[PDB]
Q: 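If you scroll down you'll find the structure; I have some questions about it.
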There are 2 protein chains.
Amino acid sequence: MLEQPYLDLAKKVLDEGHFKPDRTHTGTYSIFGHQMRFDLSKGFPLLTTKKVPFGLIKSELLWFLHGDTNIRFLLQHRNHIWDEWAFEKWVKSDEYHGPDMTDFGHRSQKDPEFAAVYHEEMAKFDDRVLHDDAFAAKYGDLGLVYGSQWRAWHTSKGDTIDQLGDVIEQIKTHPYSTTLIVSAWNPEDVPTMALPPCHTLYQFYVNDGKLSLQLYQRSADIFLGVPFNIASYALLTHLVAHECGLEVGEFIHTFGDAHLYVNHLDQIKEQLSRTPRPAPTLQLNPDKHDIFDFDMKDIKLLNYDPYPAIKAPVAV
Amino acid sequence: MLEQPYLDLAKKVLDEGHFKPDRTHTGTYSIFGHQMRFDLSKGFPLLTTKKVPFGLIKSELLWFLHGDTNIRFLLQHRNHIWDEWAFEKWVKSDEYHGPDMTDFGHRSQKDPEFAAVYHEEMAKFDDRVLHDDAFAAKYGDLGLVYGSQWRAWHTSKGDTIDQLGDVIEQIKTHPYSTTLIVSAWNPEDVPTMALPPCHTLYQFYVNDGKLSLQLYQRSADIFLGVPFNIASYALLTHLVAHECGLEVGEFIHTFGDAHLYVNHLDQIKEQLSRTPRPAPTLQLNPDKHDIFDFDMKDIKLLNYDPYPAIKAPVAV
Ligand SMILES: O=c1ccn([C@H]2C[C@H](O)[C@@H](COP(=O)(O)O)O2)c(=O)[nH]1
Ligand SMILES: O=c1ccn([C@H]2C[C@H](O)[C@@H](COP(=O)(O)O)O2)c(=O)[nH]1
Ligand SMILES: [K+]
Ligand SMILES: [K+]
């Protein structure tokens, strides 16, 4: 089936992954270097052996294309994937007069009481961002997230670059260019950042009228992460290809440190006893063509019939 | 935030604007009568939810203050905002021996071939204006543009009036005058003109040592137009106030027909999902005080961090 590459990755890491430590001291089985390709003409690679919320992905990917960097848009679509990073900034803010939220990540996980006080501060934080225009601007703005690196890369001269905007044109004018690249990795920022980009840089390629894309990911969470990562990028391949009026091609996913947190072994094994089903199909608005102006209703998933979801703990 | 007034205008026109036809048959959503104020002590109102080229504005506004009316100055600063109106005159000129450029506006938009021949004639036109002193004088001179109405209004007696020059003095001698007005609207010209002034007339006001300005705009393009219009006039408020040695006040923008071309609906909606960021600041040369003698380097924008630009078609 279409998803086999991922399943094979799970087995490979369970089979020859060596024990390697990580920043959260949770332990992982690692492998360095790996590549799997997906033929998007055979179907959309959204794992059927485990329910993956396409909503969260699409609303987050559009967030990126808009070049946005503020959480307010995500909370507007009930997307909490980036909350923690913003919250962290409100907490260490001198305007913060409330309970000590130092290292809330681990504390909430162990202490069941902190898990309530931490969920109250968050619930109201998301509220301020959502209603207090100024608060939103002040804390809801992450700043150095994918949206601004893709569409507002800062020059030494003082201005900004629309990498993706520019690349999309070179595809229409010079489809055979071996320089259809976008980079989220900037050396003068990386060391200051909390989480330097996992999705380092990607490349587009065009032959026989088909658009293919390769993604270099410096680090990967096999269980929780990869499922979303595969879908974000294969969807992008589709949108970019839609604007350029090209046929869809292949999504090549290359890896640096593909790892598996140890607290996921049972959950990963259980998914492997599952047999993939036929893959779903993507349906994009035929009329509308400016992908940068696309909204939810413009992108729709068809025939997704996934197995029941699989719960697991987040390494923090 | 500072820019909210404009965002509210976009929503209002999307909400209660009735369908009204226009000269370009492109269709617009109109509203008659509206007013928004900007407190310039809170920051410069240059939209952050969309990148707006401050360069084009400043170089065009100085063009006005110099009382100039010839395009050569604009092309000297790579400003093509007024090219079309001059080009039109070269085209219908009997000295014009080249391809039929009748109604180039629509033809270039639809026909992709005309869009190249039209771009060649223009490229060389801008060249003649730029090098052939006589050609410049002959076609590069628009004549009845803001620069001459502001600074060289023609009397029935035969001479000329420096409205702005005169008003600037009455501000220094009689700061409390309720007649600090400038008009670009002249009844004996209007019916012959291609595009009668959109920026009809403006008024200055002074209290507590602060200079405020009101602008009456008979017609407005919400998406493409207004962003530039807000910045031109708020910058003027600053310069005039600089010469008169006054504190900056409020910029009141009043409207006649504020409309939205239908081919901008998606682009306008996308901008509304964006959350404004803090506004930039203006920095004017402290030494130099004769605004009429100001040049680019004398006016500088600080901390402008706009969202990525938004492309859209020009109603023609
Ligand atoms: O979409 C995602 C989000 C996160 N991660 C993971 C990679 C790491 O597990 C952790 C970040 O810490 P590093 O191991 O990269 O240093 O987040 C992914 O693989 N994909
Ligand atoms: O800076 C500008 C330039 C142009 N326009 C618009 C107004 C109209 O959309 C068009 C001129 O035709 P009228 O609708 O005014 O007749 O140009 C503005 O609002 N602001
Ligand atoms: K780089
Ligand atoms: K008048």
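Letters A, B, ... are given to chains in the order of the sequence lines, protein chains preceding strands, and every chain is numbered from 1. Counting starts at 1 for both ligands and their atoms, in listed order.
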Q: Step through the shown structure and confirm whether more than 12 heavy atoms of other residues, nucleotides or ligands are within 6.0 Å of OH on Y205(A).
A: no

Q: May I ask you to check whether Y233(A) and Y202(A) place their ring centers less than 6.0 Å from one another?
A: yes

Q: Are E60(B) and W82(B) close enough that a side-chain donor and a side-chain acceptor fall under 3.5 Å?
A: yes

Q: If you leave out waters, which protein N, O or S atoms are less than 3.4 Å from the K ion (ligand 3)?
A: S183(A) OG, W185(A) O

Q: Using a 4.0 Å cut-off on heavy atoms, what residues surround ligand 2? Order them by chain and number.
A: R23(B), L195(B), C198(B), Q217(B), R218(B), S219(B), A220(B), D221(B), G225(B), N229(B), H259(B), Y261(B)

Q: Using side-chain hydrogen bond (donor to acceptor under 3.5 Å, both in side chains) as the criterion, list what pairs up with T69(A), not counting sequence neighbours.
A: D141(A), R277(B)

Q: Taking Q149(A) for the side chain and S183(A) for the main chain, is one N or O donor matched with an acceptor at less than 3.5 Å?
A: no

Q: Parallel, tilted or perpendicular: which fits the ring planes of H253(B) and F251(B), with parallel below 30° and perpendicular above 60°?
A: tilted

Q: Inspect the contact between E16(B) and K12(B) and indicate whether a charged nitrogen and a carboxylate oxygen are less than 4.0 angstrom apart.
A: yes

Q: Could I get the full list of side-chain hydrogen bond (donor to acceptor under 3.5 Å, both in side chains) partners for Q214(B), not counting sequence neighbours?
A: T254(B)

Q: Go through the side-chain N and O atoms of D68(A) and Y307(B) and say whether any donor and acceptor fall under 3.5 Å apart.
A: yes

